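One file, start13.json, carrying JSON, C-alpha atoms:
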```
[["chain", "number", "residue", "atom", "x", "y", "z"],
["A", 1, "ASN", "CA", 126.66, 15.84, -160.56],
["A", 2, "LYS", "CA", 125.91, 13.17, -158.00],
["A", 3, "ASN", "CA", 122.51, 12.23, -159.46],
["A", 4, "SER", "CA", 122.62, 12.84, -163.25],
["A", 5, "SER", "CA", 120.50, 9.72, -163.61],
["A", 6, "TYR", "CA", 117.59, 11.70, -162.07],
["A", 7, "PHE", "CA", 117.66, 14.59, -164.61],
["A", 8, "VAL", "CA", 116.41, 14.67, -168.27],
["A", 9, "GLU", "CA", 119.67, 14.76, -170.27],
["A", 10, "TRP", "CA", 118.04, 16.36, -173.39],
["A", 11, "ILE", "CA", 117.08, 19.17, -171.05],
["A", 12, "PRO", "CA", 120.67, 20.21, -170.13],
["A", 13, "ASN", "CA", 121.23, 22.04, -166.84],
["A", 14, "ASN", "CA", 117.70, 21.72, -165.57],
["A", 15, "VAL", "CA", 117.50, 24.41, -162.96],
["A", 16, "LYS", "CA", 116.05, 27.88, -162.45],
["A", 17, "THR", "CA", 117.44, 29.65, -159.37],
["A", 18, "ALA", "CA", 115.88, 32.62, -157.65],
["A", 19, "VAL", "CA", 117.20, 34.30, -154.45],
["A", 20, "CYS", "CA", 115.43, 36.77, -152.19],
["A", 21, "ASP", "CA", 117.24, 39.00, -149.78],
["A", 22, "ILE", "CA", 114.64, 38.44, -147.05],
["A", 23, "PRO", "CA", 114.06, 35.28, -144.88],
["A", 24, "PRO", "CA", 110.64, 34.00, -143.76],
["A", 25, "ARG", "CA", 110.00, 35.39, -140.21],
["A", 26, "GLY", "CA", 111.65, 33.59, -137.21],
["A", 27, "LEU", "CA", 114.45, 31.79, -139.22],
["A", 28, "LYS", "CA", 117.54, 33.24, -140.91],
["A", 29, "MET", "CA", 117.19, 31.09, -144.06],
["A", 30, "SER", "CA", 114.75, 28.90, -146.02],
["A", 31, "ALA", "CA", 113.90, 27.61, -149.51],
["A", 32, "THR", "CA", 111.06, 26.23, -151.66],
["A", 33, "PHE", "CA", 111.40, 23.73, -154.55],
["A", 34, "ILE", "CA", 109.21, 23.14, -157.63],
["A", 35, "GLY", "CA", 109.85, 19.94, -159.56],
["A", 36, "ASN", "CA", 108.60, 18.89, -163.00],
["A", 37, "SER", "CA", 109.11, 15.13, -163.44],
["A", 38, "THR", "CA", 107.84, 12.13, -165.40],
["A", 39, "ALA", "CA", 107.78, 10.34, -162.05],
["A", 40, "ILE", "CA", 104.40, 11.95, -161.46],
["A", 41, "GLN", "CA", 102.64, 9.63, -163.96],
["A", 42, "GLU", "CA", 102.06, 7.09, -161.16],
["A", 43, "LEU", "CA", 99.35, 9.52, -159.79],
["A", 44, "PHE", "CA", 97.37, 9.50, -163.11],
["A", 45, "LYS", "CA", 97.90, 5.81, -163.74],
["A", 46, "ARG", "CA", 96.43, 4.90, -160.36],
["A", 47, "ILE", "CA", 93.62, 7.39, -160.62],
["A", 48, "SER", "CA", 92.87, 5.95, -164.10],
["A", 49, "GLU", "CA", 93.13, 2.39, -162.69],
["A", 50, "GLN", "CA", 90.61, 3.20, -159.91],
["A", 51, "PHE", "CA", 88.45, 5.06, -162.37],
["A", 52, "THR", "CA", 88.31, 2.11, -164.87],
["A", 53, "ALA", "CA", 87.66, -0.46, -162.09],
["A", 54, "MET", "CA", 84.85, 1.82, -160.81],
["A", 55, "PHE", "CA", 83.55, 2.55, -164.35],
["A", 56, "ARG", "CA", 83.58, -1.10, -165.65],
["A", 57, "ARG", "CA", 80.90, -1.77, -163.00],
["A", 58, "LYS", "CA", 79.43, 1.80, -163.26],
["A", 59, "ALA", "CA", 79.68, 2.13, -159.44],
["A", 60, "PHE", "CA", 77.68, 5.16, -158.18],
["A", 61, "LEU", "CA", 77.70, 6.54, -161.78],
["A", 62, "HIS", "CA", 73.97, 7.43, -161.59],
["A", 63, "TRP", "CA", 74.60, 10.42, -159.31],
["A", 64, "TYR", "CA", 76.76, 12.17, -161.99],
["A", 65, "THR", "CA", 74.25, 11.52, -164.87],
["A", 66, "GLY", "CA", 71.56, 12.58, -162.39],
["A", 67, "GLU", "CA", 73.07, 16.03, -162.73],
["A", 68, "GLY", "CA", 72.66, 15.72, -166.55],
["A", 69, "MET", "CA", 76.31, 14.95, -167.09],
["A", 70, "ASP", "CA", 76.68, 12.83, -170.18],
["A", 71, "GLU", "CA", 77.86, 9.25, -169.89],
["A", 72, "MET", "CA", 79.71, 9.62, -173.20],
["A", 73, "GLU", "CA", 81.40, 12.89, -172.06],
["A", 74, "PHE", "CA", 82.48, 11.00, -168.97],
["A", 75, "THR", "CA", 83.72, 8.07, -171.13],
["A", 76, "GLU", "CA", 86.15, 10.29, -173.09],
["A", 77, "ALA", "CA", 87.56, 11.95, -169.91],
["A", 78, "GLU", "CA", 89.43, 8.63, -169.45],
["A", 79, "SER", "CA", 91.03, 9.12, -172.92],
["A", 80, "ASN", "CA", 92.55, 12.52, -171.96],
["A", 81, "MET", "CA", 94.08, 10.92, -168.79],
["A", 82, "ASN", "CA", 95.47, 8.03, -170.83],
["A", 83, "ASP", "CA", 96.82, 10.56, -173.41],
["A", 84, "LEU", "CA", 98.33, 12.55, -170.48],
["A", 85, "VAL", "CA", 100.17, 9.41, -169.23],
["A", 86, "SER", "CA", 101.48, 8.84, -172.78],
["A", 87, "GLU", "CA", 102.56, 12.57, -172.64],
["A", 88, "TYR", "CA", 104.95, 11.66, -169.81],
["A", 89, "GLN", "CA", 105.92, 8.27, -171.34],
["A", 90, "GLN", "CA", 107.13, 9.80, -174.68],
["A", 91, "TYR", "CA", 109.76, 11.68, -172.55],
["A", 92, "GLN", "CA", 110.24, 8.76, -170.12],
["A", 93, "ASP", "CA", 113.36, 6.68, -170.64],
["A", 94, "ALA", "CA", 114.09, 8.85, -173.76],
["A", 95, "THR", "CA", 117.58, 9.69, -174.89],
["A", 96, "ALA", "CA", 120.02, 12.09, -176.53],
["A", 97, "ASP", "CA", 120.49, 11.25, -180.23],
["A", 98, "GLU", "CA", 122.96, 12.29, -182.98],
["A", 99, "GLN", "CA", 122.25, 15.11, -185.41],
["A", 100, "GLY", "CA", 122.90, 14.05, -189.05],
["A", 101, "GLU", "CA", 121.60, 13.93, -192.67],
["A", 102, "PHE", "CA", 118.59, 11.83, -191.39],
["A", 103, "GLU", "CA", 116.16, 12.21, -194.34],
["A", 104, "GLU", "CA", 114.35, 9.17, -195.91],
["A", 105, "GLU", "CA", 114.96, 8.60, -199.65],
["A", 106, "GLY", "CA", 113.36, 5.98, -201.93],
["A", 107, "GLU", "CA", 114.85, 3.91, -204.72],
["A", 108, "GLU", "CA", 115.94, 5.08, -208.17],
["A", 109, "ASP", "CA", 112.88, 3.76, -209.89],
["A", 110, "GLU", "CA", 109.72, 5.23, -211.44],
["A", 111, "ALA", "CA", 106.62, 5.15, -209.15],
["B", 1, "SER", "CA", 92.60, -6.01, -179.92],
["B", 2, "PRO", "CA", 90.65, -8.93, -178.31],
["B", 3, "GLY", "CA", 90.04, -8.84, -174.51],
["B", 4, "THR", "CA", 87.62, -8.76, -171.50],
["B", 5, "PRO", "CA", 83.79, -8.39, -171.85],
["B", 6, "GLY", "CA", 82.20, -4.88, -171.64],
["B", 7, "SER", "CA", 84.03, -1.48, -171.56],
["B", 8, "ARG", "CA", 87.84, -1.47, -172.27],
["B", 9, "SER", "CA", 90.38, 1.36, -171.60],
["B", 10, "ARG", "CA", 90.73, 4.15, -174.20],
["B", 11, "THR", "CA", 94.48, 4.81, -174.71],
["B", 12, "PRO", "CA", 96.26, 7.14, -177.25],
["B", 13, "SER", "CA", 100.13, 6.98, -177.41],
["B", 14, "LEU", "CA", 101.31, 9.12, -180.44],
["B", 15, "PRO", "CA", 104.72, 10.55, -179.25],
["B", 16, "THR", "CA", 104.95, 14.37, -179.86],
["B", 17, "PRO", "CA", 108.73, 14.98, -180.34],
["B", 18, "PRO", "CA", 110.21, 15.09, -183.87],
["B", 19, "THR", "CA", 112.24, 12.02, -184.93],
["B", 20, "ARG", "CA", 115.66, 12.00, -186.56],
["B", 21, "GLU", "CA", 115.40, 14.73, -189.25],
["B", 22, "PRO", "CA", 117.66, 16.17, -192.07],
["B", 23, "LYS", "CA", 119.37, 18.83, -189.79],
["B", 24, "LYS", "CA", 123.08, 17.82, -189.93],
["B", 25, "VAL", "CA", 123.79, 21.52, -189.01],
["B", 26, "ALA", "CA", 127.63, 21.38, -188.68],
["B", 27, "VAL", "CA", 129.01, 22.23, -192.18],
["B", 28, "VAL", "CA", 131.84, 24.66, -193.17],
["B", 29, "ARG", "CA", 130.21, 27.90, -194.45],
["B", 30, "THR", "CA", 132.46, 31.04, -194.35],
["B", 31, "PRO", "CA", 136.28, 30.70, -194.30],
["B", 32, "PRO", "CA", 137.99, 34.15, -193.84],
["B", 33, "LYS", "CA", 138.61, 35.90, -197.25],
["B", 34, "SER", "CA", 142.18, 34.84, -198.06],
["B", 35, "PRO", "CA", 144.18, 35.52, -201.33],
["B", 36, "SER", "CA", 147.70, 34.14, -201.98],
["B", 37, "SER", "CA", 150.21, 36.34, -203.90],
["B", 38, "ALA", "CA", 153.47, 35.43, -205.60],
["B", 39, "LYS", "CA", 155.48, 38.72, -205.70],
["B", 40, "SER", "CA", 158.50, 40.06, -207.62],
["B", 41, "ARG", "CA", 161.11, 42.87, -207.62],
["B", 42, "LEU", "CA", 163.84, 44.07, -210.05],
["B", 43, "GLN", "CA", 166.81, 46.32, -208.99],
["B", 44, "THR", "CA", 167.02, 49.54, -211.08],
["B", 45, "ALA", "CA", 170.01, 51.78, -210.14],
["B", 46, "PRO", "CA", 171.81, 54.17, -212.58],
["B", 47, "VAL", "CA", 173.83, 52.00, -215.08],
["B", 48, "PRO", "CA", 175.98, 54.28, -217.38],
["B", 49, "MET", "CA", 179.41, 53.44, -218.94]]
```

This entry written out as structure tokens:
Amino acid sequence: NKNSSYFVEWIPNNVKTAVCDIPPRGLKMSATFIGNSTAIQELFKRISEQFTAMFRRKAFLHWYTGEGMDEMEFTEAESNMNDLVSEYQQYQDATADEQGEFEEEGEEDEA
Amino acid sequence: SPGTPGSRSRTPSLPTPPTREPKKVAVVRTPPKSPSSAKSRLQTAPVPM
């Protein structure tokens, strides 16, 4: 209620509750939270940022391809990370929309 | 796209969720089965002379 701006509005009522009868030892009550958020992208951005700045100069790259790692397999590991950030960003700032008769339909002409 | 010399970042961005699509969904389908009836009656007692 107080913070509806912090919850994905095309995932209505975003919570899964579980409740055990038994406390952790030495305290009469506690709780643990798990949190799936688009706000995590800033991890993967920075790692990718540090990775590309490293990789543009190939800094210490030789130790990985010394182990017979492939420098092309390593190149495309960036792409998965970039695709992952786009996986958050397609749901970032994204909105409810109307249902309707939203089919495309061309002109009354022979093609 | 033009840019800096050497290796450049490798970014896909194809959004997964379906767009607007033909599912209007809310249409009238099954009204309850309802017949009107006009009705009539005619009084029929004994009518001698």

Just want the 10 Å neighbourhood of segment 14-19 of chain B, counted on only C-alpha atoms, with same-chain residues fewer than 3 positions away dropped. Output as a PyMOL selection string. (chain A and resi 83+86-91+97+102) or (chain B and resi 11+22)

Counting only C-alpha atoms, chain B residues within 7 Å of chain A, as a ChimeraX atom specification: /B:7,10-13,15,20-24

Report, in Å with one decimal, the straight-line distance from atom CA of residue 3 of chain B to atom CA of residue 42 of chain A.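 If I compute the distance from atom CA of residue 3 of chain B to atom CA of residue 42 of chain A, I get 24.0 Å.
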
Which polymer residues have any atom within 12 Å of an atom of residue 30 of chain A, counting all atoms listed in the file, with same-chain residues fewer than 4 positions away left out, as a PyMOL selection string? chain A and resi 19-26

What does the file look like for those residues with C-alpha atoms, as a PDB file, in the frame of the given file?
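Result file follows (out21.pdb):
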```pdb
ATOM      1  CA  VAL A  19     117.200  34.300-154.450  1.00  0.00           C
ATOM      2  CA  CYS A  20     115.430  36.770-152.190  1.00  0.00           C
ATOM      3  CA  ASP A  21     117.240  39.000-149.780  1.00  0.00           C
ATOM      4  CA  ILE A  22     114.640  38.440-147.050  1.00  0.00           C
ATOM      5  CA  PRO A  23     114.060  35.280-144.880  1.00  0.00           C
ATOM      6  CA  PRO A  24     110.640  34.000-143.760  1.00  0.00           C
ATOM      7  CA  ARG A  25     110.000  35.390-140.210  1.00  0.00           C
ATOM      8  CA  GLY A  26     111.650  33.590-137.210  1.00  0.00           C
TER       9      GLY A  26
END
```

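Going from atom CA of residue 94 of chain A to atom CA of residue 8 of chain A covers 8.3 Å.
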
If we count only C-alpha atoms, what is near segment 70-74 of chain A at a cut-off of 10 Å, once residues fewer than 6 positions away on the same chain are taken out, given as a PyMOL selection string? chain A and resi 55+61-62+64

Which residue, A:59, A:46, A:68, A:92, has the smallest gap to residue 10 of chain A when you use all atoms listed in the file?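 Of A:59, A:46, A:68, A:92, the one nearest residue 10 of chain A is A:92, counting all atoms listed in the file.
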
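Between atom CA of residue 5 of chain A and atom CA of residue 40 of chain A there is a distance of 16.4 Å.
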
Of the listed residues A:9, A:109, A:50, A:63, that which approaches residue 9 of chain B most closely, counting only C-alpha atoms: A:50
